[PDB]
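Structure at a glance
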Amino acid sequence: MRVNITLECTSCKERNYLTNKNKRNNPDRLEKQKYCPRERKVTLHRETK
Amino acid sequence: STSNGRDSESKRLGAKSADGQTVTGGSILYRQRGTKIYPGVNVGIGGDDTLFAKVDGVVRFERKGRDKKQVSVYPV
Amino acid sequence: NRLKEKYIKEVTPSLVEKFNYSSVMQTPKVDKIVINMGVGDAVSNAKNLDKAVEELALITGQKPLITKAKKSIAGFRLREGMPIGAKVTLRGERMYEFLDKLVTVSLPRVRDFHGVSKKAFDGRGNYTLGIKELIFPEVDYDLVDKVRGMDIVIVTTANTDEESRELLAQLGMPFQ
Amino acid sequence: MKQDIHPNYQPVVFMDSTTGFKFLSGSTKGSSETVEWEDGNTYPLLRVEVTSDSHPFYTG
Amino acid sequence: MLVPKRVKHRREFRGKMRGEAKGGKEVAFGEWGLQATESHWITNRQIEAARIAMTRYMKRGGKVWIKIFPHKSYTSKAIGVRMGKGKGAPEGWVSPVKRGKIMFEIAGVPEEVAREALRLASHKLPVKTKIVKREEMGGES
Amino acid sequence: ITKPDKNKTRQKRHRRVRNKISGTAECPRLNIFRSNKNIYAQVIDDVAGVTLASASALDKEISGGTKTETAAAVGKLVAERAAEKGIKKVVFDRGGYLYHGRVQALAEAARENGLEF
RNA sequence: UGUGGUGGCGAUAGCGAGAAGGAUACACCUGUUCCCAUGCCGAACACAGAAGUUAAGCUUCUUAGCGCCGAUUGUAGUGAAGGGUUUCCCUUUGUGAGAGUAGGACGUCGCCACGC
RNA sequence: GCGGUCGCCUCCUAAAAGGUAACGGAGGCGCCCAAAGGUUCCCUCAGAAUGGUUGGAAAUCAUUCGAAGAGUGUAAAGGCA
RNA sequence: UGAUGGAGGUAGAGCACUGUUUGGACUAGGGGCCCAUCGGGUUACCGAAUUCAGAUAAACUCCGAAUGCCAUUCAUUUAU
Ligand SMILES: [Zn+2]
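Residues numbered from 1 in each chain as written, not as in the entry; some residues may be left out. Chains lettered and ligands numbered in written order. Part of a larger assembly, values for the part shown. Heavy atoms only, no water. Residues with missing side-chain atoms left out of burial classes, pairs and counts.

Per the deposited record, determination of this structure is attributed to cryo-EM, with the resolution reported as 3.68 Å.

Okay, here's the thing in structure tokens:
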């Protein structure tokens, strides 16, 4: 149903953020233009595999 | 064998500041759940519908015509 | 068209004489035609809505809407969001030409000539006429294979029965 | 008129077995018969000659 | 055991009440009425007894007004059950009457049958009474 | 058929815009008023309620047809009468209107002639 | 003084019903090529216009039918002080509501513009 | 002892600030939504009367009256035109 | 203690809303029984739309008290 999920900076590769999804509505891996703390720059974040 | 007797807890609403106090920055004035009193001059609404005191001063209560009331602060 | 010039020349001043309007601005007029096709059977078959929209687009110049449901009743077997009917609004010059077609073509294609049914009275200039059937020149036997009809809702700016009757009467509408 | 969402219709003249009143519009087409400048320069092929003149509400 | 005047609940239980005092509430419909002078509950069955002792002196009908109706409910435990658990089962339908709600009203009949009827009515209710007309009435249309 | 007269909805949208911020003590309003023929503008404080500078459409000096043509002229004249009194940070009233002409011309002509937005 | 725009003050500003007006102004009103728009539709929204009219809106005036604001009374209730039965009632001293009204009420004050 | 109950959230009991017990009286919870979030524009409901082809008291329509009699993801208060 | 300011839904009223309910008038048409086998619908509840008078409430509100409660560069007295 709904699983805890962690995001991933696609450049410096740190598990930055955490959120929740409903994986029968959304079976894919999300893509949001979140913020990166280590780089101070907007970075497209994706689901950790 | 009764199927009752279970409770909430008292979450302690009600005004926590009179008229004519000397009020510092940011302190709570009247804690609501549901908009019973709208804010006015220099007073904002929190997430849980409380009320602040931005500018240091004096709390006074007023009307809004007939229905509802206001809180505002006037400094020196 | 025919009817606008009938207003500007002959329809208006006799109606002015019958009631003695102190200004010409109190000439009552014709605004709208609302056309509706409630189906009900299209809940069983989504292919029922495949043809009524085609028929109304042929008769009018507009694709009608696909109307919502407004309720949720199982005694009439309806959820919300159910596509049931189809509205056509009509303004401007297609109003007058469609009424011209109604005068010249539709009414002489009625079985059992008895007259236009009067009793749509409603007091306030709102005459509606149910239409049951092939009463139109842009229709084939080999195209239309259902027993669908039409709807007319003409709404005026009149205020009595009588002024509405004379607006419809000097323009046509052969009642009983 | 919003574009690309409307059917075709033109000033299609009427013709009739009683005098052929040449006035109005329509949508259907066919053979070029009355491209006539005083009226609609298009097909007059609204030609079901049911008159609305032979029927005894207009006739008597 | 049949209740003459049941209700439609909204609630199985109510608190046991607390009655002090009222006044006014004069004769309105009829011409001859009681006045309770005290304060008690009055149950269902007493109103049946009042109906019958009213009517069995009335002849060919007449006029009978009932101006008091049960609303509230009682409960009671069993016999031999200790103190402890939840309330008893709801039984009966009772409504209190303070100092002076007029019990019933009569009209259309002369006084003597009326006073007999009200004496018969008053001896089947646990409250002391009187007898009242439209005595001092400035409002009579 | 009732036809709701159009100032009613304009005033409804005013009241649903004005209730955020007027704030007109040193950063006063602008004001924008249609008609079928003209355009008006006022610059008001609170709670004196006093217009400090104003200019009609075609009651003082005209340019052309009652158009965006006039709107650029009014947006000239308001700011030209305004910055003589020393006003810098004015706030727009949208009225109850949208932006497909006759108002944005006033906006742009208010921008160039000395009023900050 | 009129007319329009724009502000506070608790509808005492309202509702309903009745009358008059088009100087300027507002609005209806004629259209849609243009910027735009319609989950279809120049009805709206937006853009162009000066043929017609106070008919509606708008503005002025009349009405206490409706809604609103309503003094002084009394009465219910109650702090303190008491007294008999303690289910409840009564007495001194202080404070008093709601219903019922006589009465008020068909606005008051601010700025700008254009005529007058 | 047999039964019932053990944490959290609403309402009454609760004596008009806050607080207040009983195997007193009543209902829920151990989630859901990638938009059912943020912004910016636009909009106003339930019903009732009267006519209208299949149409039935009650589908889709049209007019008028209507301060809310609606809705608000979920239980109840308090809010919100 | 006195003066001043507001927080509020208790006592009592408690009709406007939501619940429970008593008698009258009115029909709109349900009127099963009709006259019936072509218009009058006869009786009854007249229930809902209403519309009169009349009650009532811990979880009803159009309203609403004394008292306590929170404060004041306030006044007097007193000792925390
Ligand atoms: Zn990074």
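Anyway, onward from the coordinates.
Concerning a nonpolar patch on the surface
This is how the line gets drawn: Distance thresholds for patches are 9 Å for like charges and 5 Å for nonpolar side chains (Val, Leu, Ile, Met, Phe, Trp, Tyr), applied to residues having over 30% relative accessible area and no salt bridge. Residue burial considers only the protein chains on display, and all accessible areas are found by Shrake-Rupley using a 1.4 Å probe. Salt-bridge detection follows one rule: a side-chain nitrogen of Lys or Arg within 4 Å of a carboxyl oxygen of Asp or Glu. Secondary structure elements follow DSSP: runs of H or I of four or more residues count as helices, runs of E of two or more count as strands, with numbering from the N terminus.
A cluster of nonpolar side chains, contributed by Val110(C), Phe113(C), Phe57(D) and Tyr58(D), occupies part of the molecular surface with about 320 Å² of accessible area. The residue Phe57(D) is located in the segment after β2 (41-42) in this model.

Section: the coordination of the zinc ion
All names here are of chain A. We count it as follows: Listed donor atoms are N, O and S within 2.8 Å of the metal (Na, K and Ca: 3.2 Å). As water is not included, a site may look incomplete. Note on geometry labels: four donors, all angles 85 to 135 degrees, give tetrahedral; four donors become square planar and six octahedral when opposite donors are over 155 degrees apart and every other angle is between 65 and 115; remaining cases are irregular.
The coordination sphere of the zinc ion, as far as protein atoms go, consists of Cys9 (SG), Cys12 (SG), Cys36 (SG) and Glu39 (OE), spread over 2.3 to 2.5 Å. For the zinc ion, the 4 donor atoms are set out with angles of 92 to 136° between them, so the coordination reads as irregular. Read from N- to C-terminus, the donor residues coordinating the zinc ion fall into the pattern C-x2-C-x23-C-x2-E. You can see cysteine 12 sitting in the loop between β1 (2-9) and β2 (18-22) and its partner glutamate 39 sitting in the loop between β3 (31-36) and β4 (41-47), a full 27 residues away along the chain.

Description of the protein's contact with RNA strand I
For clarity, the cut-off: Throughout, the term near means that a residue has one or more heavy atoms lying within 4 Å of the molecule or strand in question. Side-chain atoms alone can form a polar contact between residues adjacent in sequence; in general such a contact is a pair of N or O atoms within 3.5 Å, and within protein one must be able to donate a hydrogen while the other accepts it. Under this grouping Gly is polar, as are all residues other than the nonpolar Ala, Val, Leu, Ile, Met, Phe, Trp, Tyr, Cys and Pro and the charged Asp, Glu, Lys and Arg.
Close to RNA strand I lie 24 residues, the nearest being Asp19(B), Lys69(B), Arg11(E), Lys22(E) and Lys25(E). Within 4 Å of the protein, the atoms of RNA strand I are drawn from sugar and phosphate moieties in a proportion of 77%. At 2.7 Å from a sugar or linking oxygen of RNA strand I is found a side-chain nitrogen or oxygen belonging to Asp19(B). Note that a sugar or linking oxygen of RNA strand I is positioned 3.5 Å from one of the side-chain N or O atoms of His71(E). Taken together, the residues of the surface near RNA strand I break down into 10 nonpolar, 4 polar and 10 charged.

Side note on empty space enclosed by the protein
All names here are of chain E. Rules: The way it works is a 1 Å grid over only the protein atoms, where trapped points that fit a 1.4 Å probe form a cavity and open points with protein on both sides within 12 Å along at least five of seven lines form a pocket, and then any residue with an atom within 4 Å of a point lines it. Grid points are joined across faces, edges and corners, and a volume is the space filled by probe spheres set on the points.
Quantified by volume, the largest cavity comes out at close to 110 Å³. In terms of lining, the largest cavity is formed by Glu12, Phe13, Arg14, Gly15, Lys16, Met17, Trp41, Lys72, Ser73, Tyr74, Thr75 and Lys87. If you tally residues by element for the lining of the largest cavity, the top one is strand β4 (residues 72-76), at 4 residues. Of the residues that constitute the lining of the largest cavity, the class distribution is 4 nonpolar, 3 polar and 5 charged.

Some thoughts on the pairing of β4(A)
Residues and elements named next belong to chain A. What counts, and what does not: When DSSP locates at least two bridges between a pair of strands, those strands are taken to pair.
Where β1 and β4 come together, 3 bridges link them in antiparallel fashion. Looking at the pairing, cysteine 9 lines up with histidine 45 of β4. Following β3, the chain reverses through 4 residues before pairing antiparallel with β4; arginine 40 in that reversal takes a positive phi of roughly 55°.

Thoughts on helix α2 (residues 49-59) of chain C
Residues and elements named next belong to chain C. So the rule is basically this: Classification of residues uses two cut-offs on accessible area relative to the type maximum, computed with a 1.4 Å probe and protein chains only: under 20% is buried, over 50% is exposed, and between them is partly exposed. Along the arc lie the directions from the helix axis toward the C-beta atoms. Note on contacts: a residue pair qualifies if any of its non-hydrogen atoms lie within 4.5 Å across the two residues.
By the burial criterion, the buried members of α2 are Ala52, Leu56, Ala57 and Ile59. What you see down the axis of α2 is that its buried residues fit within an arc of 165°, all on one side. In this fold, the buried residues of α2 make contact with α3 (93-106) and β3 (150-156).

A short note on the protein's contact with RNA strand G
Surrounding RNA strand G, one finds 48 residues, the nearest of these being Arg66(B), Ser23(C), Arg91(C), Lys2(D) and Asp5(F). If you look at RNA strand G and keep only atoms within 4 Å of the protein, 73% of those are sugar or phosphate atoms. Here a phosphate oxygen of RNA strand G and a side-chain polar atom of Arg29(F) are 2.7 Å apart. Between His100(F) and RNA strand G, the recorded distance is 2.9 Å, taken from a backbone N or O atom to a sugar or linking oxygen. For the surface near RNA strand G, the secondary-structure elements that each account for two or more residues are α1 (6-18), β1 (41-44) and β2 (51-55) of chain F.

Some words on the pattern of salt bridges
The full count for this structure, using the stated rule, is 9 salt bridges over all chains. Between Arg15(A) and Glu8(A) there is a salt bridge, with the nearest N and O atoms lying 3.8 Å from each other. Note that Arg47(D) and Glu33(D) form a salt bridge whose closest N and O atoms lie 3.3 Å from each other. Here the residue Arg47(D) occupies a position in the segment after β2, and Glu33(D) occupies one in the segment before β1 (34-35), the gap between them amounting to 14 residues.

Quick look at the interface of chain D and chain C
Counted only if it meets this: A simple way to read buried area is as the amount of 1.4 Å-probe accessible surface that goes missing from two parts once joined, with both sides added.
Contacts between the two partners involve 21 residues from chain D and, on the opposite side, 21 residues from chain C. Carbon and sulfur atoms make up 63% of the surface buried where chain D meets chain C, a total of about 1,800 Å² over both sides. One can count 6 residue pairs in polar contact joining chain D with chain C. Grouping the constituent residues of the side of chain D that touches chain C by class yields 13 nonpolar, 8 polar and no charged.

Considering the packing of aromatic side chains
Basically, it comes down to this: Between 30 and 60 degrees the pair is tilted, below 30 it is stacked and above 60 it is edge-to-face, where a pair is any two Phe, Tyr or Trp rings, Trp via its six-membered ring, whose centres lie within 6.5 Å.
Taken as a whole and judged by the stated rule, the model has 9 aromatic pairs over all chains. Relative to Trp65(E), the ring of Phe29(E) has its centre 4.5 Å away and its plane inclined at 10°; by these criteria the two rings are stacked. Taken together, the residues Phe29(E) in the segment before β1 (32-33) and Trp65(E) in strand β3 (residues 64-66) connect sequence positions 36 residues apart. Its relative accessible area of 30% is what places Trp65(E) among the partly exposed residues. Aromatic pair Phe92(F) and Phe117(F): ring centres 4.2 Å apart, planes at 25°, arrangement stacked. You can see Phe92(F) sitting in the loop between α2 (68-82) and α3 (104-112) and its partner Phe117(F) sitting in the segment after α3, a full 25 residues away along the chain.

Overview of a positive patch on the surface
Residue and element names in this part refer to chain B. The condition is simple: Positive charges come from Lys and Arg alone, negative charges from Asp and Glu alone, with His and the N- and C-terminal ends not counted. For charged residues, the charge sits on one atom: NZ in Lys, CZ in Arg, CG in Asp, CD in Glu.
A cluster of like positive charges, contributed by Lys11, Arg12, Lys16, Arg31 and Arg33, occupies part of the molecular surface. Take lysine 11: it is sitting in the segment before β1 (14-15). By relative accessible area, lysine 11 is classed as exposed at 53%.

Structural notes on the sheet that holds β4(A)
Residues and elements named next belong to chain A. Counted only if it meets this: Note on geometry: axes are lines fitted to C-alpha atoms, helical ones only across the stretch in contact, with angles between N-to-C directions running from 0 to 180 degrees.
Ordered by their spatial adjacency, 4 strands build an open sheet running β2-β1-β4-β3, and the pairing between neighbours is antiparallel. Taken across any chain shown, the strands that pair with only one partner, and hence form the sheet edges, are β2 and β3. On average, adjacent strands in this sheet sit at an angle of 45° to one another, irrespective of strand direction. As paired elements, β1 and β2 share 5 bridges and run antiparallel to each other.

So, the sheet that holds β3(C)
Residue and element names in this part refer to chain C. The 3 strands lie next to each other as β1-β3-β2, forming an open sheet whose pairing is antiparallel. Unpaired on one side and paired on the other, β1 (30-34) and β2 (126-131) mark the two borders of the sheet. Taking the axes of each pair of neighbouring strands and ignoring which way they run, one obtains an average angle of 15° across the sheet. Where β2 lies against β3, 6 bridges are found, and the strand directions are antiparallel. Following the sheet pairing, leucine 129 is matched in β3 by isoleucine 152.

Re the layout of surface pockets
Regions of empty space are outlined by a rolling probe, equal in size to a water molecule, passed over the atoms. Residues and elements named next belong to chain C. Put simply, the second largest pocket is a space of about 520 Å³. Among the elements of the structure, α1 (2-19) and α3 are those that each provide at least two residues to the lining of the second largest pocket. Of the residues forming the lining of the second largest pocket, the biggest block, 4 residues, is contributed by α3. When grouped by side-chain class, the residues that make up the lining of the second largest pocket number 16 nonpolar, 4 polar and 7 charged.

Quick look at unusual backbone geometry
Of note, the bond from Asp46(F) into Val47(F) is cis; its omega dihedral lies within 30 degrees of zero at 5°. Topologically, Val47(F) is positioned in the loop between β1 and β2. One non-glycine residue, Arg77(C), lies in positive phi territory at about 65°. Relative to the helices and strands, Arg77(C) resides in the loop between α2 and α3. On the basis of relative accessibility, which here comes to 72%, the residue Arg77(C) falls in the exposed class.

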